[PDB]
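Participant: One structure is given below, represented as structure tokens, and several questions about it will come after.
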Amino acid sequence: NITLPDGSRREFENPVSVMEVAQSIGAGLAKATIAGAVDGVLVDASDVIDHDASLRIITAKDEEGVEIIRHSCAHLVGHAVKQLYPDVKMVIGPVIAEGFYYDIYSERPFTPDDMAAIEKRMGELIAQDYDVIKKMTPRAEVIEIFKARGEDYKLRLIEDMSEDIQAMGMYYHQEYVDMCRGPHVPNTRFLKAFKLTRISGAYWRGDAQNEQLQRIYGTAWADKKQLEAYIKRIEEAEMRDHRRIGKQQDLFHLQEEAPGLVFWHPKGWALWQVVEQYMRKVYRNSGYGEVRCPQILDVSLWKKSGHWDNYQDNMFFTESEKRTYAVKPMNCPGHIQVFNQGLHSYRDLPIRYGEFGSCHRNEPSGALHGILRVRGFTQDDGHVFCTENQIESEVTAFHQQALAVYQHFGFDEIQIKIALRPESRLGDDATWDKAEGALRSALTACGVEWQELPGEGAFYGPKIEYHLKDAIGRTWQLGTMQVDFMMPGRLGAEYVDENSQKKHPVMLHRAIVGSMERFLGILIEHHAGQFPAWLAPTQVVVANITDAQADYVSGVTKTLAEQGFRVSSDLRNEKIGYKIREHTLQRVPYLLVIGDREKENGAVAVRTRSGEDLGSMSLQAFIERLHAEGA
Ligand SMILES: [Zn+2]
């Protein structure tokens, strides 16, 4: 008495297998049967039902059928490697979201050539259309089987299962055999649309102190259509890994002699310079005097700063002539030293200093990542010294300045937050009243909404946070406007007010883009390595078909460089189409080709990064096109 999803029953005398119920309905359903779900329990198609229960046929159309497909593709990895590399040991071959992997102990690592040979050999094996034969085997026999095959890791997995398990499913793939809970496909004809993807590193028991393993990743789907959809996603996703883009475009690299510290190559530093020189104008137009302050400061200054407990274990320390110093992790006390040089009146405030300050923090090395998490960072840092009456106006100006910068970089989606007084805080409640209300009045005057964050502010004042979404919808905090009414008092900053009363000024720490290393990492992934013209490291490449045009090319290159454009000449003894394909892959916005005709007419043939042929053109008309698009 076997019940089906439609609520009906089919009678069966003598215990019947899942497949046999399928064949009873028809050859067609049988041909489509991958496995069955007896009372919600997934079982192999060859398993018999002896009692009566409710059945549900699982086919390739079910997410459960795709999973079983993925499980059996793992088994095929072992089948192929045991023929190719008979001395390696199979460990585990489980299913994951959208694929599978098999961890394998191999004395030597696996190369891409290994993958290719393995996938090919798998494809050969799947093409035989052989049945997977499940045999429920006693535990002693299973041990005897794997011991004869030299699979020492399978035997350790067997010695893990409790004594409650006295038999286990053995799945035979011709001469290969593997064990698992399953189920698995009844036949390899369901394994058509698979592919191996990456090869990587794993560990026995997932513990880093045991032997390392080769991890063979793969994916599998019901049809090649869905397989290719998955491949496009994987390609489009690697298209936004800044580490991969940094390597492919020769922008930067890190190495163990300086962990978390970036080596900017010429093209990467060109990108940096575009941003820093634009933010330097922001300093200029916002009323900041840019400064530069020492990086190595007496430990005594950091102990007075109010930040000693946060940074005492997060700074590089160094010694000279029996004095102890720290490499600076922040610019603010240096900026207070500048402010302290002169006598200031209330008349003189606000005074604003900006600095692209090279800072270091002794961050844990295991948490470092590309240029997004570093030990050495430069921010578009700045500090405003003002009276507390002026906080609001200063914050409205900064708000307007920050949005224009976000607008300039094509970040249109913003979210603004205010962090409020934390539990462990300093200063009068009345002073936190004035500072918090000043941040609220400022954002109101600018007609913006904001989310409030109870308890999330620094101990020395509230702050406004500027969060931006990038082209794939993920959120980053870029800007900060942090009120500080504590460090100025700690470090002797003061002015004279309306009646000769010496008072400490309020200090505002602020940044618009934050860490430049981080911001460049966000920009690289945001634009998917295809930078706008004003931002590309190499904007124009002037090439030459022949050696005759070489001198004319150099003349063109130096004219554009005098015009302030980032230009590079390609004068190599190389095929010109090869140069075209190579510079196109670098995503260079413009590629001027010079031949006999262009040198004689005084023109330049322009081909854009998209592939639009602009034809021939005067050199002056190309310069005009660049200034129009704000390059
Ligand atoms: Zn600061």
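Numbering, chain A: per Swiss-Prot, residues 3-633 in sequence.
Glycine is no exception: its Cβ is also placed from the backbone N, Cα and C atoms.
Pulled these from Swiss-Prot:
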BINDING   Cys334, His385, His511  Zn(2+) binding site
REGION    243-534  region 'Catalytic'
Participant: Provide the number of Cβ atoms within 10 Å of the Cβ of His511 (Zn(2+) binding site), excluding the reference atom itself.
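Facilitator: Summing over all protein chains shown, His511 (Zn(2+) binding site) has 23 other Cβ atoms within 10 Å.
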Participant: Around the Zn(2+) site formed by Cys334, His385, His511, list the extra residues of the same chain whose Cβ is within 8 Å of the site's Cβ centroid.
Facilitator: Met332, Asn333, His337, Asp383, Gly384, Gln484, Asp486, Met489, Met509, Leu510, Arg512
Participant: Taking the Cβ of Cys334 (Zn(2+) binding site) as the reference point, list residues of the same chain whose Cβ is under 8 angstroms away and which are at least six residues distant in sequence.
Facilitator: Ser307, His385, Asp486, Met489, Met509, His511
Participant: At a 10 Å cut-off from the C-beta of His385 (Zn(2+) binding site), count the other C-beta atoms across all protein chains.
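Facilitator: Counting Cβ neighbours of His385 (Zn(2+) binding site) within 10 Å gives 27.
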